[PDB]
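Worksheet: the structure to be examined is printed underneath.
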Amino acid sequence: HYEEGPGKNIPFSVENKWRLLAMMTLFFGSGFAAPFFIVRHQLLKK
Amino acid sequence: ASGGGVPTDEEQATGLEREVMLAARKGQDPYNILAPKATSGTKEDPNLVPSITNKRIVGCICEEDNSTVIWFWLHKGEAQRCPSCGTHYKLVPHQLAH
Amino acid sequence: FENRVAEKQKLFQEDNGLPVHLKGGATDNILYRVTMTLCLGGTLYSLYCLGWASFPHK
Amino acid sequence: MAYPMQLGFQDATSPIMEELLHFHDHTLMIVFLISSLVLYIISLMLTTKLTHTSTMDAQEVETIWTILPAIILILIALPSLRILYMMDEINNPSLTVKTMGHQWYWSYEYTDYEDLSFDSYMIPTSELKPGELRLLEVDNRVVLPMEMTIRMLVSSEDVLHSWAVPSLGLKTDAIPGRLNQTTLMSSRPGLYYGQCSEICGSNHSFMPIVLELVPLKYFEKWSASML
Amino acid sequence: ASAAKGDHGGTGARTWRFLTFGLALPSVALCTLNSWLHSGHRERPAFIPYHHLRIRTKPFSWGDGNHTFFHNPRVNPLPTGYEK
Amino acid sequence: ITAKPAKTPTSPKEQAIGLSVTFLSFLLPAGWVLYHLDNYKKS
Amino acid sequence: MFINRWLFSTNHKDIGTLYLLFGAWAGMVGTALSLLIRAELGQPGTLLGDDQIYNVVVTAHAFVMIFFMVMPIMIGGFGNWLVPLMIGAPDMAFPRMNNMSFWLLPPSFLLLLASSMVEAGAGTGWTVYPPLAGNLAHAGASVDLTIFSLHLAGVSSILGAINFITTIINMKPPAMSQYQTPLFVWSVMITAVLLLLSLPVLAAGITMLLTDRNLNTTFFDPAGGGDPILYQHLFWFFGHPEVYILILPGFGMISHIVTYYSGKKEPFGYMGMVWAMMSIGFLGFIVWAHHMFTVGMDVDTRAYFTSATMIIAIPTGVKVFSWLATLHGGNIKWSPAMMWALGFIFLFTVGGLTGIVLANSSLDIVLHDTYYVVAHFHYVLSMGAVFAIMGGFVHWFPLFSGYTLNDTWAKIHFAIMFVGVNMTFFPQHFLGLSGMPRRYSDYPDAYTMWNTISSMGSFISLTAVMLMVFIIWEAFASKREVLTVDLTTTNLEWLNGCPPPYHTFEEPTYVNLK
Amino acid sequence: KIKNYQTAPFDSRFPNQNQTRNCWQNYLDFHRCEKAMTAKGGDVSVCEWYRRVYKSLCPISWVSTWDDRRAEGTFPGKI
Amino acid sequence: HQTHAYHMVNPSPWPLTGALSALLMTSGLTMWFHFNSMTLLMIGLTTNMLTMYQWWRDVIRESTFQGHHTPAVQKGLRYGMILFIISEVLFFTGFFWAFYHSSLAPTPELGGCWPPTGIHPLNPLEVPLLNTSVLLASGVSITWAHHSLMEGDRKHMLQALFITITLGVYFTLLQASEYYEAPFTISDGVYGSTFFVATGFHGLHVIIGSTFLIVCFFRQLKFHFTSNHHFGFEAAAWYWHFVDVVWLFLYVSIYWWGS
Ligand SMILES: CCCCCCCCCCCCCCCCCC(=O)OCC(COC(=O)CCCCCCCCCCCCCCCCC)OC(=O)CCCCCCCCCCCCCCCCC
Ligand SMILES: CCCCCCCCCCCCCCCCCC(=O)OCC(COC(=O)CCCCCCCCCCCCCCCCC)OC(=O)CCCCCCCCCCCCCCCCC
Ligand code: HEA
Ligand code: HEA
Ligand SMILES: CCCCC/C=C\C/C=C\C/C=C\C/C=C\CCCC(=O)O[C@H](COC(=O)CCCCCCCCCCCCCCCCC)COP(=O)(O)OCCN
Ligand SMILES: CCCCC/C=C\C/C=C\C/C=C\C/C=C\CCCC(=O)O[C@H](COC(=O)CCCCCCCCCCCCCCCCC)COP(=O)(O)OCCN
Ligand SMILES: CCCCC/C=C/C/C=C\CCCCCCCC(=O)O[C@H](COC(=O)CCCCCCCCCCCCCCC)COP(=O)(O)OCC[N+](C)(C)C
Ligand SMILES: CCCCCC/C=C\CCCCCCCCCC(=O)O[C@H](COC(=O)CCCCCCCCCCCCCCC)COP(=O)(O)OC[C@@H](O)CO
Ligand SMILES: CCCCCC/C=C\CCCCCCCCCC(=O)O[C@H](COC(=O)CCCCCCCCCCCCCCC)COP(=O)(O)OC[C@@H](O)CO
Ligand SMILES: CCCCCC/C=C\CCCCCCCCCC(=O)O[C@H](COC(=O)CCCCCCCCCCCCCCC)COP(=O)(O)OC[C@@H](O)CO
Ligand SMILES: CCCCCCCCCCOC1OC(CO)[C@@H](O[C@H]2OC(CO)[C@@H](O)[C@H](O)[C@@H]2O)[C@@H](O)[C@H]1O
Ligand SMILES: C[C@H](CCC(=O)O)[C@H]1CC[C@H]2[C@@H]3[C@H](O)C[C@@H]4C[C@H](O)CC[C@]4(C)[C@H]3C[C@H](O)[C@]12C
Ligand code: CUA
Ligand SMILES: [Cu+2]
Ligand SMILES: [Mg+2]
Ligand code: NA
Ligand SMILES: [Zn+2]
């Protein structure tokens, strides 16, 4: 069966807080950055 | 105008469907399909709560029509009382599948 | 025709730990792999198309 | 037009717009009262160490907080509907002017007697004359006679647009294939501004409306000269 | 309503088969008779290039982009009129 | 609610690092695009 | 094992978790788009120098916040996690179909991002009105990709609604009547009913737009005898129920939070709360044309929609006053969640009241398509929904994860956000009354002050969002495991521990019929 | 004669905001009258009122498009 | 071990393959409508058929073969199907609204009349009437099929179900012929728009309904259904009645009143 309990019922690991910081940073950061880059994409097409 | 060839539940039901069907025939409710009827809930006449383990969550509707349900774990051992109305409940553990 | 439901019930209730989508046998595995390959490949192809359509061809 | 740091509505240019100002004052009072009362009660419930956590009976206070709101709604609805129907009253205009929305300008047609029509484009910021308003000035204004009931017919020749003049309390969507009617009546002479009020693409922010209200005599000579 | 028949003392398989063969299918047979009688190709009307018809705001994603999906040369004219 | 002490405490120094990294992950990319806006507009 | 668990899930908790993750990510996308909006309006002139891009940004912002952030979080996240637990059910009725409701969202989101990448994007407004959205004014794939994104999100929500309604109706303990289920469960069921009835109408309407754009139909094209106003009717017939769909689960969570932190065993006037939500749901289907007061409607029709719309204030008032009556006499626990709930009550009331101002067609002629409308919905919808989501998130985070947040940091986050949203939106009332149109990339000079302040407030909220991410990180980084939770006798979802095991209620609860 | 027209008066048959039919009706009436008059041998000046009303209400592009269609034989209305 | 009667489903790949096939079909339609290619669409349609096949195959395995459909599970499936049908009714409602909006206030472009100038409607007394008797009749035969199953009569269940399906196929063939014979097209203004899109979606539903009945036919041949447990057949029948009622409204509205 699957692991259960705190830190085990999630699709990401919280074993190391710094690797976690990196993960959360890429996750939330990629979401927040996308519109800026889409605008940039549209400005550079013409 | 008429004939047969269609199986019946008695001949073809299987798995859990068959279990519920055969148990219902003996008047039993191992899969909790029915709402149990309350006893007087006194110390001498507590509500008997079946369980296959040593604790079961009980939900007490203190008075008829109450919209608030009082929930608590009932453990094996001495009868416990509803935190709200004090009616008694006692766990009666194990079995189900022979 | 004859009723072979009981045979199928035995096959699908066999204690082999297989999930229902694979419990029928080797064919289930093939069909699943075909399905998932077409889905994943088609998705990669769609991303490719998006990349292509994202830019002007004047 | 709006001025710097404006809080409320533009001053009323027509009697209907004045009517709306008084109705908004009435409604806003109610909005202030109810929101302040709610804030107050939140603070009242949160500022005492006294408690009562047992079951509380509801079918009594629910009457009050059901009947009161109902009365307040009728107190808002009455003057609201009076104005709605008042706007709708038959008024019989002295003039009919049509306006067609286009992808990025308005055209006007005064075809009661002569076949007068022209385009009205926003004056680019680079071409504004000293003292003129950025994004609001047009090359050709909608000259109209003051103190007269005018029928405005609105439509479009492409996408949706919306013809608006806040000071007069007007906003009528410009829909292709449809001819929407509204009546205009200015109590004073002057210049009255509005802006396209339905997203129509790239230059939705740049196709304003400017009405120039003058005495009938000047309106007639202007029509003549515009043929 | 109640129809004009009767039974109702017990609606079972026999009753529904009776309705299938005694009412339903005979109705289908009659309508099939009436239809495959009133058919016969109607003389197609003169072509008039009305602007509210034969709409083309974007070519169709098939054929030459000017023919509807179930185009029938006999009765469906193109924006320029009937075909050869 | 009651809970037990942190199994892996995050000191003030560690929190300053997490907070800074977090703020930077949002601000840098957006800042970069916005800074180069004129470079995109006409190019 | 990872793929089996996270890609092939049939578990309500794991699926609710995927939804919360998806919604949080979408919230980041939606926030960035909103900052781009406010940056363009931060000072007079043009920033992007491309108004079609600005329009595409406004459009995407709305779709993302509504379809990818709010609905997924409230219904897919909190709904999947809490509904089965609150009724003692082993899972949802259709646990496998439930997984597809989730998996349809990433593709739907990809289609939305694709529409903004190809051609010049769909700069239509989230209402997607033709002819602007037609194949002449918006030629190319963009609008078609937007329509398809909505189709996928629509199927996801319709199947989800069927699942929730069936689960809530069919899977309660034998002895529990519908009048013994918690208010959140009621809020989700009513929301599901609105979704079931309204989304198919939107699907019909956008399918008609799709055929007008690609199959030469003319449902909304006057040249073929069509009517652009028909689309508006079909859209708003779905649109108004949708705004209530966005707030109902919020009302549900607010009822639990307020009851919980008031130290109460139950909300004041339970049946009145049930009645209020049902009435709001019902009335929400007969008021749609208040979004069309300037299209040229008959005066009697306008008088009817003005009246019907106002009536919704009565049932809504019963809820507001009941929340206050729940606080009355309570042993108030000033937790971060309670703060979000109190902020909700006040901010929602403000927005609701400006909605009542707008209900009056006479005034709406002047306020329609101006910033007064934008101010109205950012209070009821933006603050209302976001404050309910934050309150529920901080309140149930320990249940979902098994860890506690730092209460001080969470109170700081609330404070910043409260200042930010009010500085951003309150000035917009002034801009609206004075005539500034919505959907504008620039404005006449007189409007400069309020737009400047509004854009500054938008940065304050950005600071709150970044802090929120850090706070979540800190919780997961410190690992303070939960021990005890108060009031579990009237909050069943907490009774199986934090986090509850994969399979809960394998042995159902025992509830007497008496 | 009997004229002295300023603009099209209120018409109880078209009392609402959508005036499309009012314009259309008066355009049809003018051309139906004009046809009957030029046909049976009479004066088009009796059709004047309709001409004035439709001219006042109808967008130039509509009148123009309808005129073009009557000429082409594609006018969908009955005249 | 569980002591409730509900079904905990094994982790399944179908929800994902189904979602991806949705992406492929929508992407596919876009590629077809704009970048003149049917490659994505073809893959999408294929994975969609494969997903439905395997997903419903498994539901049969879980019920007929494993016995997971206890009365509580079957009760939920009943609610699920009723709710599904309700959402379909609302979908069609949008098309009827579109039809009535256009026909009740014909615009000047149509000649200010309905049907529009230049449109020559089909005679509702000809094939449209035949189609009506065909669906009404299949409603009678499927009811006979249902009673035969409940009464344990295999042969007559199969006979009645076969007749129902043949009638559904007859309707489809007749409709296809009507489509080809119609002098008006989908591009003929709002008349052709409302006609083809509404009857077109209905036709799709008739095909889906026929397919569902065919699935039941084969499951019956294989003895899956018992005289008392046969939800798949019941769902097929409810769906079939829905399709029948939608036709009656289309016939009355579009074909008869709209002519
Ligand atoms: C897009 C994803 C970014 C990629 C970054 C990941 C890098 C992996 C390297 C890889 C390095 C391997 C490390 C192994 C283990 C840990 C990392 C993990 O396994 O990797 C992946 C895991 C974990 O996710 C993470 O990685 C970190 C996330 C941390 C989240 C903290 C959330 C706190 C809030 C609380 C939420 C509720 C839970 C609380 C309660 C607790 C639960 C009960 O995700 C998932 O498998 C499921 C998530 C699915 C969907 C979410 C949003 C997607 C939107 C897509 C639409 C796109 C449209 C086109 C858009 C195209 C873009 C232009
Ligand atoms: C940041 C914005 C700065 C604005 C400064 C104004 C400049 C004054 C020049 C000083 C110049 C004075 C001379 C001007 C007179 C012209 C009168 C008129 O023709 O114009 C009429 C206009 C103008 O409005 C006014 O007649 C002034 C009202 C001002 C209300 C200010 C509330 C401030 C709260 C603090 C921050 C906001 C966020 C709180 C949220 C409040 C909820 C709405 O009316 C409106 O439609 C605006 C508001 C509309 C809708 C909101 C309804 C709910 C209010 C809730 C009250 C909560 C109280 C608790 C107390 C609140 C506790 C939080
Ligand atoms: C959470 C989402 C949500 C909710 C709940 C509401 C609730 C309401 N909305 Fe709002 N609304 C939107 C989201 C929402 N709205 C959106 C997104 C738009 C614009 C969409 C777009 O164009 O893009 C919009 C647009 C909008 C319009 C159109 C404006 C225009 O475009 O010109 C109107 C018209 O009447 C309106 C009215 C109302 C009313 C009367 C309520 C009522 O339900 C509010 C009732 C609540 C209260 C009144 C407060 C609590 C009550 C009391 C304390 C009791 C006492 C009160 C009284 C006696 C008055 N809304
Ligand atoms: C749910 C709906 C929602 C939300 C939250 C928001 C949030 C915001 N919106 Fe809104 N907006 C709309 C819906 C919403 N908006 C709609 C429907 C339109 C109309 C579009 C059109 O005209 O077509 C619009 C239009 C619109 C305009 C008008 C554009 C124009 O007319 O030109 C403006 C202008 O300032 C604006 C600003 C903002 C800002 C600054 C925020 C926010 O930054 C305010 C602060 C809120 C947040 C930062 C959200 C944080 C939430 C999360 C990150 C989730 C966290 C997740 C978990 C805890 C699980 N929005
Ligand atoms: C281009 C068209 C194509 C589309 C066709 C659509 C569906 C049709 C497909 C199959 C239908 C036909 C047969 C079905 C297959 C096997 C049938 C054999 C069973 C049988 O013989 O059934 C008999 C019924 O008669 C029967 O078929 C009788 C069946 C015939 C009924 C219709 C014929 C009409 C004849 C003229 C009468 C019309 C007059 C109208 C009067 C007014 C009505 C109210 C009853 O007998 P039994 O002894 O009680 O039964 C013992 C077990 N079978
Ligand atoms: C035989 C009776 C049964 C009808 C269906 C059978 C075959 C057609 C293929 C798919 C139909 C499925 C749904 C209907 C969608 C559009 C209307 C189709 C109805 C139809 O088939 O109409 C035909 C038009 O074909 C056209 O454009 C068809 C063009 C085909 C492209 C399909 C476009 C796909 C658009 C689908 C959008 C899907 C959105 C669904 C949303 C679901 C909810 C989320 C009519 O032909 P015609 O030549 O104009 O006139 C006849 C003159 N002799
Ligand atoms: C826009 C329009 C809306 C505006 C205003 C509406 C506000 C209403 C204002 C006042 C309401 C008056 C209700 C009167 C109830 C008396 C309170 C009381 O005292 O509460 C109980 C009554 O139960 C009960 O009604 C249950 C407890 C109290 C009942 C009512 C509680 C809620 C009151 C309102 C809460 C604040 C929210 C107001 C919203 C505006 C006490 O019970 P007993 O004395 O039997 O037992 C005590 C034992 N003895 C016998 C030894 C004394
Ligand atoms: C091209 C343009 C847009 C395209 C979008 C297409 C989107 C997805 C396409 C692929 C989906 C097909 C896959 C088959 C889905 C079967 C779902 C099903 O059959 O779900 C069932 C529940 O719904 C029930 O009953 C009753 C409900 C039956 C639901 C059938 C699903 C149809 C999906 C389309 C819905 C359209 C919405 C209609 C409104 C306009 C079974 O529930 P499970 O949890 O599985 O099992 C529970 C176990 O106890 C069973 O033993
Ligand atoms: C049933 C509930 C109780 C009834 C109470 C009343 C509320 C709705 C009534 C439903 C039927 C009303 C039909 C009345 C026809 C009169 C109006 C009419 O004639 O409207 C027409 C369109 O109606 C149309 O499509 C009307 C088409 C539908 C619009 C109403 C929306 C409801 C549809 C969804 C309902 C879901 C229920 C599920 C069904 C099983 C055309 O447009 P007008 O604006 O008229 O243009 C004329 C102008 O030129 C003059 O200025
Ligand atoms: C060229 C043709 C391709 C066209 C695409 C669509 C193709 C086919 C759609 C037809 C759907 C077939 C569904 C077959 C379902 C088989 C599984 C089944 O029927 O499963 C049954 C449960 O019902 C269940 O899940 C009920 C499940 C309900 C599913 C019905 C949903 C219809 C799907 C519509 C999708 C499109 C939406 C419209 C688009 C606008 C199993 O229980 P029982 O029958 O009681 O058996 C148990 C007994 O044996 C015990 O003794
Ligand atoms: C709405 C959300 C946005 C919030 C505002 C963003 C807050 C500030 C972000 C800082 O980010 C940056 O700062 C720069 C300037 O300080 C840049 O450097 C740039 O500028 C330089 C010097 O001025 C150079 O050293 C480099 O080449 C360079 O590209 C730029 O890349 C960027 O990452
Ligand atoms: C009768 C029903 C349920 C009562 C119960 O079974 O417990 C209750 C619940 C909510 C009540 C309604 C709400 O309290 C709101 C209204 C309050 C007014 O005092 C009377 C009518 C009013 C519309 C109420 C009528 C009726 O008493 C309702 C509808
Ligand atoms: Cu024209 Cu906006
Ligand atoms: Cu609304
Ligand atoms: Mg508008
Ligand atoms: Na700007
Ligand atoms: Zn009790």
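For the record, the sequence lines run as chains D, C, G, S, U, R, F, Y and Z.
For the first sequence, the numbering used here gives the first residue as 3, with consecutive numbering after it.
For the second sequence, the numbering used here gives the first residue as 76, with consecutive numbering after it.
For the third sequence, the numbering used here gives the first residue as 816, with consecutive numbering after it.
For the fourth sequence, the numbering used here gives the first residue as 28, with consecutive numbering after it.
For the fifth sequence, the numbering used here gives the first residue as 2, with consecutive numbering after it.
For the sixth sequence, the numbering used here gives the first residue as 965, with consecutive numbering after it.
For the seventh sequence, the numbering used here gives the first residue as 1057, with consecutive numbering after it.
For the eighth sequence, the numbering used here gives the first residue as 61, with consecutive numbering after it.
For the ninth sequence, the numbering used here gives the first residue as 680, with consecutive numbering after it.
We treat Cβ as the ideally placed atom computed from N, Cα and C, and that holds for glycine.
For residue i, collect the residues of the same chain with a Cβ closer than 6 Å to its Cβ; drop the 5 residues on either side in sequence, then sort them by chain order.
i               : result
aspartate 146/S : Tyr132 and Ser134
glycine 128/S   : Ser183, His188 and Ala201
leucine 47/S    : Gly196
Using only alpha-carbon positions, find the residue among the options that is nearest to residue i.
i                : options                                       : result
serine 1517/F    : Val1199/F, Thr1237/F, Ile1262/F and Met1084/F : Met1084/F
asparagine 167/S : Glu136/S, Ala201/S and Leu47/S                : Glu136/S
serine 932/Z     : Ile764/Z, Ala877/Z, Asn689/Z and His909/Z     : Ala877/Z
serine 250/S     : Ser194/S, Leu171/S and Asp84/S                : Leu171/S
State buried or exposed for residue i, treating a residue as buried only when at least 16 other CB atoms are found within 10 Å of its CB.
i              : result
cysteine 160/C : exposed
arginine 75/U  : exposed
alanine 1197/F : buried
Return yes when the Cβ of residue j is within less than 9 Å of the Cβ of residue i, no when it is not.
i            : j            : result
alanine 25/U : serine 742/Z : no
Between residue i and the rest of its own chain, which residues show a CB-CB distance below 7 Å, the 5 nearest in sequence each way excluded?
i              : result
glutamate 89/S : none
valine 1413/F  : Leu1419
The stretch 77-105 of chain Y: which residues have C-beta closer than 8 Å to a C-beta of chain E, in chain order? The structure shown contains no chain E; its protein chains are D, C, G, S, U, R, F, Y and Z.
3-residue-minimum beta strand (DSSP E) runs that sit fully inside the stretch 143-179 of chain S, ordered along the chain: With a minimum length of 3 residues, the unbroken runs of beta strand (DSSP E) contained wholly in the stretch 143-179 of chain S fall at 143-147 and 169-172.
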